[PDB]
Q: 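Got a structure here, written out as structure tokens. Questions coming.
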Amino acid sequence: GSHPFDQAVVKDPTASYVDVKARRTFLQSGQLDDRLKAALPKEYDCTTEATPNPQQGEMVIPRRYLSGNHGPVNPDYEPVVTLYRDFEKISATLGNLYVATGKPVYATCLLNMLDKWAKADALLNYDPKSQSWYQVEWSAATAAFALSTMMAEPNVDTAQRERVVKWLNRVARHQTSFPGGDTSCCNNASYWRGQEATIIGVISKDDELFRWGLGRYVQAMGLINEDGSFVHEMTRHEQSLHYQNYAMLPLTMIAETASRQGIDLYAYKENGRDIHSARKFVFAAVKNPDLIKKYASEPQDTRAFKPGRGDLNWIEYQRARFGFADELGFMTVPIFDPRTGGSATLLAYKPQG
Ligand SMILES: O=C(O)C1=C[C@H](O)[C@H](O)[C@H](O[C@H]2[C@H](O)[C@H](O)[C@H](O[C@H]3[C@H](O)[C@H](O)[C@H](O[C@H]4[C@H](O)[C@H](O)[C@H](O)O[C@@H]4C(=O)O)O[C@@H]3C(=O)O)O[C@H]2C(=O)O)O1
């Protein structure tokens, strides 16, 4: 105790969440199929782009849900989070472009945007009890994934990169210093904090942050029912199946990131249950939503289970690694999700001969 990875260290702050050089090499030389071609991001002059300015002062974000933790969405929510969504989108896009092209211009463009946010002490001042707490985990991790691919890049302002790295480290330490509630301590939100702590711990060579991140994956494995369902996600009523899938996203990224540091989280299990059990459940429940009735009576919102949904990004990473079948036939168009490092089609998908 208190968990099996409590002595783990960051070996290589530049290792990112994929083998950057190997993948770029593959993208520039390999035998690409139609879907990988479709995933190639389009080059543009990012030096002339206007990027979102950070909120000055207090980060104030309305609750997502009108009431409780499900049902109709709050009308005031989306107009406010849009700024953050633009920030994430741009960040992930520039990260993906750097991987694909190796052009330092994309790295410099990312750093200038992040420097601007860092200067303003963004993602630091907020009520931990508000929606803002969640927004921080999503945006900070998104920026960190993109930055992680360019930690080895020599043609940038190294002082700027450092300044930006330090900033994200402060963000993550502050954000993860709050235990959360009865649910948020231990549900998908916990796992999102885990991915944030893991990737930021890597790039800032912060072993303590890294370990805390790995710990969240461990916590999750002990919260899987025998059918493979996550305990806390099965209480979300009509969003139950949605949140079961949603949990897969950061858990996968923690695993992928840790694998670059020589740790095999996928192999970790608790009572013979592992992340594979959870995958099987998602696939099985999408086919047969009577599986969910055991937990929730409302018909399930299945908006996430459509080709092209960001929500499926975790499948690209897992399938590349384990070679399982696309049972649902969702892996047709490319997938892009800033919050899990952009396009996992671009970064992980291997055409099968
Ligand atoms: O990927 C797409 O192609 C896509 C297309 C759509 O046009 C639209 O852009 C869509 O937006 C997605 C996307 O993931 C976006 O970030 C947002 O994600 C949601 C999640 O789906 C959850 O609802 C999440 O959960 C928490 C909730 O925020 C609140 O904190 C509550 O108390 O706890 C929840 C929990 O995590 O336990 O919130 C994010 C969000 O960013 O608000 O919306 C989805 C979408 O389907 O609309 O993607």
Side-chain angles (χ1 to χ4, degrees), residues 16-20 23-24 26-28 30 32-44 46 49 51-52 78 81-103 106-107 109-110 113-114 135 137-150 188 191-192 195-196 199 242 245-257 282 286 302-321 326 328-351:
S16 192
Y17 59 103
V18 288
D19 192 324
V20 170
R23 182 69 184 181
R24 182 185 292 138
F26 175 76
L27 293 171
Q28 288 177 343
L32 281 19
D33 62 16
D34 282 343
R35 129 179 243 269
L36 212 18
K37 266 187 260 240
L40 300 182
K42 80 111 178 171
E43 296 210 58
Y44 75 104
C46 58
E49 176 175 39
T51 59
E78 197 184 353
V81 290
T82 299
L83 178 85
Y84 295 93
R85 289 166 185 199
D86 283 357
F87 175 84
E88 293 167 8
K89 172 157 182 162
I90 290 164
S91 275
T93 292
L94 290 164
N96 288 188
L97 277 160
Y98 180 78
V99 173
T101 68
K103 291 177 187 190
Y106 297 119
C109 285
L110 177 67
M113 184 168 73
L114 301 189
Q135 189 56 67
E137 82 205 6
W138 296 326
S139 296
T142 301
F145 279 130
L147 185 50
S148 81
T149 65
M150 55 194 59
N188 78 270
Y191 321 149
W192 285 102
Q195 79 154 18
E196 166 197 33
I199 191 60
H242 178 85
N245 180 82
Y246 202 59
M248 301 302 286
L249 287 156
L251 289 178
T252 300
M253 302 315 289
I254 299 170
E256 291 298 308
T257 304
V282 177
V286 160
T302 57
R303 74 195 192 268
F305 310 102
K306 260 194 278 73
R309 283 293 297 217
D311 305 74
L312 307 175
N313 211 36
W314 65 270
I315 301 176
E316 296 282 34
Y317 297 106
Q318 288 205 10
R319 186 179 49 157
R321 189 174 289 274
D326 180 18
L328 304 338
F330 281 158
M331 314 309 288
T332 54
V333 305
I335 297 130
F336 181 78
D337 172 37
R339 288 160 185 195
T340 50
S343 175
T345 303
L346 178 62
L347 299 172
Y349 168 72
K350 310 188 173 258

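We number each residue from 1, following the sequence as shown.
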Q: State, with a plain yes or no, whether a side-chain heavy atom of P52 is found less than 4.5 Å away from one of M113.
A: yes
Q: Just so I know, are the side chains of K37 and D34 near enough to count as touching, which here means a heavy-atom distance under 4.5 Å?
A: yes
Q: Name all residues meeting the side-chain hydrogen bond (donor to acceptor under 3.5 Å, both in side chains) criterion together with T257; count only those two or more places apart in sequence or in a different chain, and write none if there are none.
A: none
Q: Return the set of residues passing side-chain hydrogen bond (donor to acceptor under 3.5 Å, both in side chains) with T51 (not counting sequence neighbours), or none when no residue passes.
A: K116
Q: Does the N245 side chain pair with the main chain of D311, one donor and one acceptor, at a distance under 3.5 Å?
A: yes
Q: Any heavy-atom pair between the side chains of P250 and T340 that's under 4.5 Å?
A: no
Q: Measuring from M248:CE to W314:CH2, what's the distance to the nearest 0.5 Å?
A: 4.0 Å
Q: Say you draw a straight line from CG of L312 to NZ of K306; how long is it, rounded to the nearest 0.5 Å?
A: 8.5 Å
Q: Do you know which two heavy atoms are closest between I199 and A144, and how far apart they sit?
A: CG2-CB, 3.7 Å
Q: Rounded to the nearest 0.5 Å, how far apart are CG of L249 and CD1 of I254?
A: 11.0 Å
Q: For residues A348 and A320, report the shortest heavy-atom separation together with the two atoms involved.
A: O-CB, 3.3 Å
Q: Any side-chain heavy atom of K350 sitting closer than 4.5 Å to one from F26?
A: no
Q: Looking only at non-hydrogen atoms, find the nearest pair between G342 and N313 and report the distance.
A: O-ND2, 3.1 Å
Q: Test of understanding: with ring pair (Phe, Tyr, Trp, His ring centres under 6.0 Å), list the residues that count as partners of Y106, not counting sequence neighbours.
A: none
Q: Taking all non-hydrogen atoms of both residues, which atom of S343 and which atom of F336 are closest, and how far apart?
A: N-CD1, 3.6 Å
Q: May I have all residue pairs that pass salt bridge (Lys or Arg N to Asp or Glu O under 4.0 Å) and include part of residues 329-348, sequence neighbours excluded?
A: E88-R339
Q: Are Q135 and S139 close enough that a side-chain donor and a side-chain acceptor fall under 3.5 Å?
A: yes
Q: Holding to salt bridge (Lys or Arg N to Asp or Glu O under 4.0 Å), I want the full list of residues that pass it with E316, two or more places apart in sequence or in another chain.
A: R35, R319
Q: More than 12 heavy atoms of other residues, nucleotides or ligands under 6.0 Å from CD of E78: is that the case?
A: no
Q: Can you name the residues that form a ring pair (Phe, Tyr, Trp, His ring centres under 6.0 Å) with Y17, not counting sequence neighbours?
A: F145
Q: Run the salt bridge (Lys or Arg N to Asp or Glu O under 4.0 Å) test against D19 and tell me which residues pass, sequence neighbours left out.
A: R260
Q: Work out which heavy atom in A146 is nearest to a heavy atom in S91; give both atom names and the distance.
A: CB-O, 3.3 Å
Q: Is there a donor-acceptor contact under 3.5 Å from the side chain of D326 to the main chain of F330?
A: yes
Q: Would you say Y349's side chain and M331's backbone share a donor-acceptor pair under 3.5 angstrom?
A: no
Q: Sequence neighbours excluded, which residues qualify as side-chain hydrogen bond (donor to acceptor under 3.5 Å, both in side chains) partners of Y246?
A: none
Q: Are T252 and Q318 side-chain neighbours, meaning at least one heavy-atom pair lies under 4.5 Å?
A: yes
Q: Rounded to the nearest 0.5 Å, what's the gap from CG on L40 to CG on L97? Could you check?
A: 10.0 Å
Q: Taking only residues two or more places apart in sequence or in another chain, which ones pass side chain to side chain contact (heavy atoms under 4.5 Å, CB included) with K42?
A: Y44
Q: With side chains defined as the heavy atoms from C-beta onward, is the minimum distance between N96 and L347 less than 4.5 Å?
A: yes
Q: Who pairs with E43 by salt bridge (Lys or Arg N to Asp or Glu O under 4.0 Å), at least two apart in sequence or on another chain?
A: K103
Q: Rounded to the nearest 0.5 Å, how far apart are CZ of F305 and CZ of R303?
A: 9.5 Å
Q: Only counting residues at least two apart or in another chain, list the ones meeting side chain to side chain contact (heavy atoms under 4.5 Å, CB included) with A247.
A: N188, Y191, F230, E233
Q: With side chain to side chain contact (heavy atoms under 4.5 Å, CB included) as the test, would you mind laying out the steps for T101 and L27 before giving the verdict?
A: CA-CA 9 Å; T101 68; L27 293 171; over 6 Å; no
Q: Measure the CD-OG1 distance between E49 and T93 for me, rounded to the nearest 0.5 Å.
A: 8.5 Å
Q: How would you list, by chain and number, every residue that makes a side-chain hydrogen bond (donor to acceptor under 3.5 Å, both in side chains) with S148, sequence neighbours excluded?
A: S16
Q: Might you point out which heavy atoms bring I335 and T345 nearest each other, and give the distance in Å?
A: N-OG1, 2.9 Å
